[PDB]
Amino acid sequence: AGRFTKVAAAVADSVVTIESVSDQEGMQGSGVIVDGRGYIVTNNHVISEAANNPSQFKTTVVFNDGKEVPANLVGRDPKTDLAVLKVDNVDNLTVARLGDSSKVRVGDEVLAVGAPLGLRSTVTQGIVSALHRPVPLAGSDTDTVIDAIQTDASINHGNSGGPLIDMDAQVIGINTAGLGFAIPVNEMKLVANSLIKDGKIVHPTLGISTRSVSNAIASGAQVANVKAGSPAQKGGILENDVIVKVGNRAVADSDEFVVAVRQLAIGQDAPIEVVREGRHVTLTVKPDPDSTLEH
């Protein structure tokens, strides 16, 4: 048995096919079994239309034995492209061994595994090309930026939602196709634990719209709009400001700005560093929750 062939066969029983069908449509994706009680993690864009129109869509999970079982949506986060499904009273489930994405290093050989019984599924191979790389992701759901694992293994429709696997057959990331990018497993563990526990995930918000700017004076995220009543208006952030640092994270562009805001604590004061007409101004903002009732 080949070295990658061995690793792929070991995780195959943990990867499932997710089929969402209507009367005149269908959609397939991949998923990962992360808990023996039937908890399945996929990315949000696989199930997005079934969540926005649950009256006309049916979502089933197809195991690698050919077994087809109905699925129920526990929760979903469009801001990290993550979702949690639940199959009830299924026994002898082979659960995936989750790893530590903080122990991953550039050059490590990886496998991007898709669901074996998927229609046009794929298993691709490569190395980790970059770590902590902000990447923008684009139905009626919002566009977001994740701080992702980059790989030269092909991520596509056939392995999206499946796991990124290290050479110890451990899940280190969730492939997303929304050249290849994956959601780190530690990020996935937080979002999934919150979605199982509450059915929702509350992310910080500041009320700022930004664009990217890079020159010899100051480089970062230029404020394009400040919302009314927002924490930014209360903190002093003005339009045409250039945010260069959000909390303890430097901001090189509007994409890293989105990631750094989600790393702030809700309700706690935070430093925001800004270049205003050639002067460095340090502002203090208190992030608000994006969902007040669920929080």
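All residue numbers refer to positions in the sequence shown, first residue = 1.
Peer 1: Residues without coordinates, deposited sequence, stretch from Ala138 to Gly139: is the count none, 1 to 3, 4 to 9, or 10 or more?
Peer 2: Going from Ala138 to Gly139, the model skips 1 to 3 residues of the deposited sequence.
Peer 1: Could you tell me how many residues of the deposited sequence sit unmodelled between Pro204 and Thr205 (none, 1 to 3, 4 to 9, 10 or more)?
Peer 2: Nothing is missing.
Peer 1: Highest mean C-alpha temperature factor of the two stretches 127 to 135 and 72 to 80, which is it?
Peer 2: Comparing 72 to 80 with 127 to 135, the higher average CA B-factor belongs to 72 to 80.
Peer 1: Which is higher on average in the deposited entry, the C-alpha temperature factors of 6 to 14 or of 20 to 28?
Peer 2: Going by the record's values, the stretch with the higher mean is 20 to 28.
Peer 1: In the PDB entry, which of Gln150, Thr176, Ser121, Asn89 has its C-alpha at the highest B-factor?
Peer 2: That would be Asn89.
Peer 1: Give the position of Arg211 by CA B-factor within its chain, expressed as the lowest, middle or highest third.
Peer 2: Its C-alpha B-factor, which the entry lists for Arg211, ranks in the highest third among residues of this chain.
Peer 1: State the tercile, meaning the lowest, middle or highest third, of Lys197 with respect to the CA B-factors recorded for its chain.
Peer 2: Tercile = highest for this residue's CA B-factor.
Peer 1: Where does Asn44 sit by CA temperature factor within its chain: lowest, middle or highest third?
Peer 2: As the PDB entry reports it, the C-alpha B-factor of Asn44 lands in the lowest third of its chain.
Peer 1: Please place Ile33 in the lowest, middle or highest third of its chain by C-alpha B factor as given in the entry.
Peer 2: According to the entry, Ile33 has a C-alpha B-factor in the chain's lowest third.
Peer 1: Place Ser154 in the lowest, middle or highest third of its chain's C-alpha B-factors, as listed in the PDB entry.
Peer 2: Lowest third, going by the recorded CA B-factors of the chain.
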